[PDB]
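Colleague: this one's sequence-less:
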RNA sequence: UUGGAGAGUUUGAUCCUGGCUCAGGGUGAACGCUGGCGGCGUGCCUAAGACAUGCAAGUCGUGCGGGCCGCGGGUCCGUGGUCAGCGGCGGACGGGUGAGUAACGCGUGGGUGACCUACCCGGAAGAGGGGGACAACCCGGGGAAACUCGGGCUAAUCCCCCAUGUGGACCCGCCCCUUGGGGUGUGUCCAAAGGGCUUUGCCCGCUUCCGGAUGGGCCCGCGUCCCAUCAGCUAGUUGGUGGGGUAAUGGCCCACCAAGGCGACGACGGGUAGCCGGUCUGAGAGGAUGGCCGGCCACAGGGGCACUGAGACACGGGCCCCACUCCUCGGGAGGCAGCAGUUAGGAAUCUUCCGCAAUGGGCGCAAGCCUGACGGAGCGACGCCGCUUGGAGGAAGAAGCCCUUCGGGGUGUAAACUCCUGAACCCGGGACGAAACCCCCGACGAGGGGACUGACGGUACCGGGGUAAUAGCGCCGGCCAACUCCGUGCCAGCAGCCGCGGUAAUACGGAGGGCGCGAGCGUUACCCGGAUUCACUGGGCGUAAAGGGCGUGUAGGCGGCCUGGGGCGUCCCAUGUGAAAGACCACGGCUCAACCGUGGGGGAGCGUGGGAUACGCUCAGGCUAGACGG
RNA sequence: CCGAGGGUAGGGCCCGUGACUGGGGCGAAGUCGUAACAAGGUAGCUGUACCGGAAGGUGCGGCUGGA
Ligand code: SF4
Ligand SMILES: [Mg+2]
Ligand SMILES: [Mg+2]
Ligand SMILES: [Mg+2]
Ligand SMILES: [Mg+2]
Ligand SMILES: [Mg+2]
Ligand SMILES: [Mg+2]
Ligand SMILES: [Mg+2]
Ligand SMILES: [Mg+2]
Ligand SMILES: [Mg+2]
Ligand SMILES: [Mg+2]
Ligand SMILES: [Mg+2]
Ligand SMILES: [Mg+2]
Ligand SMILES: [Mg+2]
Ligand SMILES: [Mg+2]
Ligand SMILES: [Mg+2]
Ligand SMILES: [Mg+2]
Ligand SMILES: [Mg+2]
Ligand SMILES: [Mg+2]
Ligand SMILES: [Mg+2]
Ligand SMILES: [Mg+2]
Ligand SMILES: [Mg+2]
Ligand SMILES: [Mg+2]
Ligand SMILES: [Mg+2]
Ligand SMILES: [Mg+2]
Ligand SMILES: [Mg+2]
Ligand SMILES: [Mg+2]
Ligand SMILES: [Mg+2]
Ligand SMILES: [Mg+2]
Ligand SMILES: [Mg+2]
Ligand SMILES: [Mg+2]
Ligand SMILES: [Mg+2]
Ligand SMILES: [Mg+2]
Ligand SMILES: [Mg+2]
Ligand SMILES: [Mg+2]
Ligand SMILES: [Mg+2]
Ligand SMILES: [Mg+2]
Ligand SMILES: [Mg+2]
Ligand SMILES: [Mg+2]
Ligand SMILES: [Mg+2]
Ligand SMILES: [Mg+2]
Ligand SMILES: [Mg+2]
Ligand SMILES: [Mg+2]
Ligand SMILES: [Mg+2]
Ligand SMILES: [Mg+2]
Ligand SMILES: [Mg+2]
Ligand SMILES: [Mg+2]
Ligand SMILES: [Mg+2]
Ligand SMILES: [Mg+2]
Ligand SMILES: [Mg+2]
Ligand SMILES: [Mg+2]
Ligand SMILES: [Mg+2]
Ligand SMILES: [Mg+2]
Ligand SMILES: [Mg+2]
Ligand SMILES: [Mg+2]
Ligand SMILES: [Mg+2]
Ligand SMILES: [Mg+2]
Ligand SMILES: [Mg+2]
Ligand SMILES: [Mg+2]
Ligand SMILES: [Mg+2]
Ligand SMILES: [Mg+2]
Ligand SMILES: [Mg+2]
Ligand SMILES: [Mg+2]
Ligand SMILES: [Mg+2]
Ligand SMILES: [Mg+2]
Ligand SMILES: [Mg+2]
Ligand SMILES: [Mg+2]
Ligand SMILES: [Mg+2]
Ligand SMILES: [Mg+2]
Ligand SMILES: [Mg+2]
Ligand SMILES: [Mg+2]
Ligand SMILES: [Mg+2]
Ligand SMILES: [Mg+2]
Ligand SMILES: [Mg+2]
Ligand SMILES: [Mg+2]
Ligand SMILES: [Mg+2]
Ligand SMILES: [Mg+2]
Ligand SMILES: [Mg+2]
Ligand SMILES: [Mg+2]
Ligand SMILES: [Mg+2]
Ligand SMILES: [Mg+2]
Ligand SMILES: [Mg+2]
Ligand SMILES: [Mg+2]
Ligand SMILES: [Mg+2]
Ligand SMILES: [Mg+2]
Ligand SMILES: [Mg+2]
Ligand SMILES: [Mg+2]
Ligand SMILES: [Mg+2]
Ligand SMILES: [Mg+2]
Ligand SMILES: [Mg+2]
Ligand SMILES: [Mg+2]
Ligand SMILES: [Mg+2]
Ligand SMILES: [Mg+2]
Ligand SMILES: [Mg+2]
Ligand SMILES: [Mg+2]
Ligand SMILES: [Mg+2]
Ligand SMILES: [Mg+2]
Ligand SMILES: [Mg+2]
Ligand SMILES: [Mg+2]
Ligand SMILES: [Mg+2]
Ligand SMILES: [Mg+2]
Ligand SMILES: [Mg+2]
Ligand SMILES: [Mg+2]
């Protein structure tokens, strides 16, 4: 789960994409933030596209 | 997302009727939407993308204030909660306008017993709490009719705002109603936005225990102006005085929060429970 | 029976047929026997019609059937002129 | 819930009928002529093989038999009656 | 569409006046003659040795930025020149040059290419008698490039024709003023045109 | 000779080996953030899962007889509608899908002396005589329906017999040919149908036969994926005689006789896959791929089967079994992998639209009828191409914000501001695609003359008036273009590889600034590339991975010197084939471009003919330097 | 007669799952010893054999990539 803070828990519906995390052996996928019950990151500004976060005002 | 209103139906007692249109204020069954669920708002393709208040209301019920203690790490508490205002959006972090503190609203005694606990044993947070849950509200018992004057023409520098409103009691739960009954233009069209900024703001603190005044209707019907003196900051504070005075007038009191409580006990202690 | 036909090519709102000899049973834009001319019905060029008039006379001669508006193009370029 | 496809079926049945019948008689006589050649019985075999000859080609007029099949059917009937009669001749009347 | 931004910064990055602004380019109010260093917080900081890549990258953005042309359309033109016969460098510039919004520039109907773009877009030009509003139109050798007379009575065309009385236009071009037309005689040779670009470098940028 | 870039990462450092990773191009894509206009393309990749509703194949009154509604009057008859029926042609095309298939299935080139081909076109001959049946219709049972049962009338281009025999068919003999090819004689057998109009004459039909054209069937050479941890397979099995079947060859099927047939040149088996034109990548060689479009194949809920027929073992025909679902007690009903659409599954994939105006198709003398082929329109940045968000001027340079050594630097001519142009919108006009069929003249021909019809569409485009009028996304340790402040303190997080973060982080989070693209920008997934990292081009094995523990030898591979025969390889010329589209080059049409048309250039590969003989092959003859022997 | 398929019976291959058990990989700071790398404190490696908590030791023969 990428980003600072999430909202996922048991029974969270979720969408995964490829890509391993080098540090966590056995992890080989990432949760696409901003889809299904995965939220975007609150207060994110740079690279918002990669984190499910919509454009602020 | 876009969707394709294909056909359009009306259910009768003994058959379905296909119609060619559905005028506003009427209702029926549209066939063809795929990804639309309940509470979603549908508008025309070429049309202002509004979201009707569909799906609504929480509400938080326990008010615990957390004083940021000391003092150059207040920003980590205001950032811990920005991690918590997204993991758990049931609660509210709001600064008291006057007295000026950050108050952690919530959903019960236990809900703040976990947030203020996880806050400390994971983030350290230099801060401590009391605190009650003194989270009442305020409303009136009878319809009141007052004025809202705000005049300072003792030097020329602005300050004229006249307002007269009918504040009636609303059925409990309906929130806040606001109608604009100005006949003609005895108050200008541009001063109407920010005279609600004085009413809606003067309801956030109350007349007896200083808690949000909810469940009333406000009909603004009268008021005069000065062409030179009338500033938008002189029509805001005329509505604030009037409401703080109107709410104060016709019988206001304390609406406390009630709980639906399901206690799951062994039957041996049921009476110990019930009576108590 | 074997036919002389317009086989549509080109694009949308850009007809450019390909007056052609083919078995009646084909797809319009399908494998033909021989090509024996073209046609740009919108006359967008000096030559909006050519025909190997030699061959149309051959094919005709062995039973080939012109379409109702394929003789039109065969006639206009005089395959029938004595 | 429609058609003249059903007309085609109603039609194809009478055809089939009329076809099957000719075909029967053909085989029956063809067989019958060959039998009468096997014991020959010379005059009679040819007399019969003629009615067969006749019924074979008459069948080939319609959609019953292909012209080549009636030709096929005919060849074999002849080479059978003839090679049969071979064991003891007297082949009059005519069909040789 | 086009770059459509602040342009003085473009030039300061390039370290070379590209003439993109029109009259002020020659004025001393030009930014390059006030600040000959790149834009933003770090410009007056002592540069560090550019990479071979950096060099080709910059040399290409140069040629690109001059013609105000999408990297897409650019690349497209470049590829066509490689497929085309003989020299790529020449044909690229050539093909770059044959652009209608660019023909209209060296015929000085407008001051800046941006200005010429709008001129082409708004109907004000004409190729060979018919109206043509497509800034990409590949001007072929032998064509007639006029202001359309339905807008010859116009303050801005006048003022720029006015300033184009007796200036020699490049060898491949012919400008009859008053009549306000022009002719694309031939496509430019390499030596025939100077621009602050080493052509060979752009080629090497796409060969990476 | 139009074609070929590499980088980071093993060490303290080096050189080498070697894997890993990145930059590029691509996609029927999808997901995040974002999103103004138009054009051409394109859009269920998954459940060949299940489907509500509408439509997707009919047409001929110039084949025949009929019942009901009219229109002139003397219950009559004519007539034209109309509904079915009989009859004819169509329904085997067109449209969908990729399940099955590793096969003569496809590709390429050939064979058919072993064959069919409705309609269309040429050439020859004929249409004489007689009879007959069944529907419709009138009569009668059952059903809640499908609907059906039985008795009687009747017409024809429906069915049958007789005759004619141009001709064709079969048996037997002979002549030429050589697999069943053409010819001949005697025997036997076989044709047919009328309708119409303006009626001593044409028109559409019918009959047998011959040829053509087109479309096919069957056969054969060569090519077509993974596993040998699948090594042996085969009883209709291989061949033969006879016979059945078919348009036709054949173990295709049957009976008998024989004991065969196939396999390391990979049989059998298992896995996966429709194949091709082409598409993508690549310097090429190569790799990967088969969506759209064109060609063939296969399949029409899962199966079997045959009928009709020129043609089917038939997507919207029949029969039977199975599964499933459906309508209200015997039974019946259904078949969207047609077009739209629903439902399910899925990361995902469109309107229950418009029109037969055109092109093509079916029937028709023709008017015409039908055509979810097709022509259009709709939705989706899916893709590609075009276009807009303004242009010129505007300070040693406002405000705000960022940095600072507190002087200043930066955003930045950017803004404001002036002027100019004028996307949108508004009015006016307004298409090409449409000239045939038909009518008139001629002769129902050649030729001339005339008329009718446009879904898209009041759209494109043209004229006039006309408003400054969306910007976003990734990224800024190195590879790799773009740097500083603050926050944070092995936390929170980043991460494609090397790696960042433990209190002064150009690598995290915000900011200001910068770089790159721009109605898009990024991510994930897959393909080719870089990868000379399966190396034919173009690699290796003492110590890096890699010489079998060593012999002997089977198959196979390779093979000395001279002369001749053949010409198998090899080379050369010609000729046929190598469809169209695509790709390429040139020209042109849409204002450009995408897209689209015309013309060119052709090659590999096979067929045939002709030629050469160095090398390779084979055959013959000779040698003695290899090899073997005394 | 053949024939979809239904049934009976017996085999072959594949896939998933199984008390328990085998060893394998990985995992910032566990326990025991110290086998290897310096003659690594008994040169090392080796095929095999038997033994031993563990690394390993010992026999026989081999190698130098050791003296
Ligand atoms: S003024 Fe003209 S030339 Fe000087 S920098 Fe700005 S644009 Fe470039
Ligand atoms: Mg949940
Ligand atoms: Mg959910
Ligand atoms: Mg980042
Ligand atoms: Mg019998
Ligand atoms: Mg038949
Ligand atoms: Mg027949
Ligand atoms: Mg104007
Ligand atoms: Mg390249
Ligand atoms: Mg390297
Ligand atoms: Mg390293
Ligand atoms: Mg090492
Ligand atoms: Mg190091
Ligand atoms: Mg390397
Ligand atoms: Mg599918
Ligand atoms: Mg695909
Ligand atoms: Mg249905
Ligand atoms: Mg009828
Ligand atoms: Mg038929
Ligand atoms: Mg398939
Ligand atoms: Mg197989
Ligand atoms: Mg084969
Ligand atoms: Mg073949
Ligand atoms: Mg009769
Ligand atoms: Mg007769
Ligand atoms: Mg047998
Ligand atoms: Mg046989
Ligand atoms: Mg035989
Ligand atoms: Mg067999
Ligand atoms: Mg035997
Ligand atoms: Mg399989
Ligand atoms: Mg398959
Ligand atoms: Mg290479
Ligand atoms: Mg296809
Ligand atoms: Mg099947
Ligand atoms: Mg079936
Ligand atoms: Mg199905
Ligand atoms: Mg079936
Ligand atoms: Mg037929
Ligand atoms: Mg079939
Ligand atoms: Mg059918
Ligand atoms: Mg069937
Ligand atoms: Mg169907
Ligand atoms: Mg469908
Ligand atoms: Mg779903
Ligand atoms: Mg579509
Ligand atoms: Mg759909
Ligand atoms: Mg039509
Ligand atoms: Mg038509
Ligand atoms: Mg329709
Ligand atoms: Mg359009
Ligand atoms: Mg678009
Ligand atoms: Mg999107
Ligand atoms: Mg200054
Ligand atoms: Mg400033
Ligand atoms: Mg300053
Ligand atoms: Mg400007
Ligand atoms: Mg027209
Ligand atoms: Mg006449
Ligand atoms: Mg209009
Ligand atoms: Mg205009
Ligand atoms: Mg104006
Ligand atoms: Mg502006
Ligand atoms: Mg980037
Ligand atoms: Mg890059
Ligand atoms: Mg750099
Ligand atoms: Mg500081
Ligand atoms: Mg922290
Ligand atoms: Mg540090
Ligand atoms: Mg810091
Ligand atoms: Mg940073
Ligand atoms: Mg980074
Ligand atoms: Mg674009
Ligand atoms: Mg690769
Ligand atoms: Mg490279
Ligand atoms: Mg390359
Ligand atoms: Mg390779
Ligand atoms: Mg490898
Ligand atoms: Mg090699
Ligand atoms: Mg190597
Ligand atoms: Mg080794
Ligand atoms: Mg070894
Ligand atoms: Mg050895
Ligand atoms: Mg040997
Ligand atoms: Mg030799
Ligand atoms: Mg040899
Ligand atoms: Mg040869
Ligand atoms: Mg071709
Ligand atoms: Mg052009
Ligand atoms: Mg061409
Ligand atoms: Mg010899
Ligand atoms: Mg059986
Ligand atoms: Mg069985
Ligand atoms: Mg059964
Ligand atoms: Mg030790
Ligand atoms: Mg030891
Ligand atoms: Mg030791
Ligand atoms: Mg040692
Ligand atoms: Mg030992
Ligand atoms: Mg022990
Ligand atoms: Mg011991
Ligand atoms: Mg020893
Ligand atoms: Mg050593």
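Modeller: Thanks, I have the structure now. Residues are numbered from 1 along each chain as shown, chains lettered A, B, ... in the order given. Ligands and ions are numbered 1, 2, ... in the order given.
Colleague: which ones are touching the residue nearest the centre of chain E?
Modeller: Using CA atoms, centre = their mean, the residue of chain E that lies closest to the mean C-alpha position is residue E:67, 3.6 Å off. Counting by CB atoms under 8 Å, 6 or more residues apart in numbering or on different chains, residue E:67 touches E:74, E:96, E:99, E:102, E:113. Placement of C-beta: from N, CA and C, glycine included.
Colleague: next one: the nearest residue to residue C:52 once chain neighbours are set aside from residue E:197, what distance?
Modeller: Using CB to CB, 6 or more residues apart in numbering or on different chains and skipping the chain neighbours, the partner closest in space to residue C:52 is residue C:36 (4.7 Å). Between residue C:36 and residue E:197 the computed distance is 54 Å (CB to CB, to the nearest Å).
Colleague: which one of those two has more residues nearby?
Modeller: residue C:36 (24 against 20; other CB atoms under 10 Å in any protein chain shown).
Colleague: which residues does residue 39 contact?
Modeller: Here I'm looking at chain A. A:6, A:7, A:33, A:52, B:86.
Colleague: give me the sheet partners of the longest strand that chain B contains and which way each runs.
Modeller: In chain B, assigned by DSSP state E, the strand with the most residues is strand B:160-169. Strands that pair with strand B:160-169, judged by DSSP bridges, come out as strand B:144-145 (antiparallel), strand B:148-151 (antiparallel), strand B:216-222 (antiparallel).
Colleague: contacting residues for the residue nearest to residue C:52?
Modeller: Neighbouring residues of residue C:36 by CB under 8 Å, 6+ apart: C:4, C:19, C:20, C:21, C:51, C:52, C:55, C:56, C:59.
Colleague: need the strands paired with strand B:160-169 in CSV with mean neighbour count and distance to ligand 1, can you?
Modeller: Output for the strands paired with strand B:160-169, formatted as CSV (neighbours: other CB atoms under 10 Å in any protein chain shown; distance: least, CB to the nearest ligand atom, whole Å):
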stretch, mean neighbour count, distance to ligand 1
strand B:144-145, 18, 68
strand B:148-151, 19, 54
strand B:216-222, 19, 56
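Colleague: take the ones you listed and write them to a markdown table, including distance to residue B:99.
Modeller: Below are those laid out as a markdown table (distance: least, CB to CB, whole Å):
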| stretch | distance to residue B:99 |
| --- | --- |
| strand B:144-145 | 27 |
| strand B:148-151 | 25 |
| strand B:216-222 | 24 |
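Colleague: tell me how far the residue nearest to residue C:52 lies from residue C:56.
Modeller: Distance of residue C:36 to residue C:56, computed by CB to CB: 5 Å.
Colleague: identify the contacts common to these two.
Modeller: residue C:4.
Colleague: three-state assignment of residue D:93?
Modeller: Three-state call for residue D:93 (DSSP: H, G, I helix; E, B strand; the rest coil): coil.
Colleague: OK, contacts around it?
Modeller: By CB under 8 Å, 6+ apart, the neighbours of residue D:93 are D:43, D:46, D:47.
Colleague: residue A:25 - how many residues pack around it?
Modeller: Neighbour count of residue A:25, defined by other CB under 10 Å: 8.
Colleague: which stretch of helix or strand covers the residue of the stretch 101-250 of chain B at minimum distance from ligand 1?
Modeller: Across the stretch 101-250 of chain B, no residue is closer to ligand 1 than residue B:190, which sits at 43.1 Å (CB to the nearest ligand atom). Residue B:190 is part of no helix or strand when elements are defined by DSSP states H and E.
Colleague: and the gap between residue E:96 and chain A?
Modeller: 34 Å (CB to the nearest CB, to the nearest Å).
Colleague: now the residue nearest to that residue when sequence neighbours are not counted: how far from residue E:137?
Modeller: Leaving out its chain neighbours, the residue that sits closest to residue E:96 by CB to CB, 6+ apart is residue E:67, at 5.8 Å. Here the criterion is CB to CB. By it, residue E:67 lies 14 Å from residue E:137.
Colleague: overlap in contacts, the two.
Modeller: Joint contacts of residue E:67 and residue E:137 (CB under 8 Å, 6+ apart) are residue E:99.
Colleague: tell me which residue is most central in the chain.
Modeller: In the absence of a named chain, chain A is used. For chain A, the residue nearest the mean C-alpha position is residue A:33 (3.0 Å; CA atoms, centre = their mean).
Colleague: wait, I meant chain B there
Modeller: residue B:175 (6.8 Å).
Colleague: can I assume that one is in contact with residue B:215?
Modeller: Yes - with contact defined as CB atoms under 8 Å, residue B:175 counts as touching residue B:215 (6.8 Å).
Colleague: picking up where we left off before, the residue of the stretch 101-250 of chain B closest to ligand 1 reaches residue B:232, doesn't it?
Modeller: Yes - taking contacts as CB under 8 Å, residue B:190 lies within contact range of residue B:232: 7.3 Å.
Colleague: more neighbours: those two, which one.
Modeller: Taking neighbours as other CB under 10 Å, residue B:190 and residue B:232 compare with residue B:232 leading, 15 against 9.
Colleague: can I get the contacts of residue A:39 in CSV with distance to residue D:64?
Modeller: Converted to CSV, the contacts of residue A:39 look like this (distance: CB to CB, whole Å):
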residue, distance to residue D:64
A:6, 82
A:7, 82
A:33, 78
A:52, 77
B:86, 86
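Colleague: tell me how many other residues surround the closest residue to chain B within chain D.
Modeller: Chain D approaches chain B most closely through residue D:1 (23.0 Å), counting by CB to the nearest CB. By other CB under 10 Å, the residues close to residue D:1 number 2.
Colleague: gap between it and residue D:10?
Modeller: Separation of residue D:1 from residue D:10 (CB to CB): 17 Å.
Colleague: got the contact list for the helix or strand hosting residue D:75?
Modeller: Secondary structure assignment for residue D:75, by DSSP H and E: helix D:67-85. With CB under 8 Å, 6+ apart as the test, helix D:67-85 has contacts from D:26, D:30, D:33-34, D:37-38, D:40, D:42, D:45-46, D:49, D:52-53, D:56-57, D:59-60, D:65, D:91, D:95-96.
Colleague: ok, now stretch C:8-15?
Modeller: With contact meaning CB under 8 Å, 6+ apart, stretch C:8-15 is reached by C:16, C:17, C:18, C:28, C:29, C:40, C:41, C:42.
Colleague: span of that stretch from start to end?
Modeller: 7 Å (CA to CA, to the nearest Å).
Colleague: next: stretch E:115-127.
Modeller: One end of stretch E:115-127 sits 18 Å from the other (CA to CA).
Colleague: again with stretch B:176-187
Modeller: The first and last residues of stretch B:176-187 sit 22 Å apart, counting by CA to CA.
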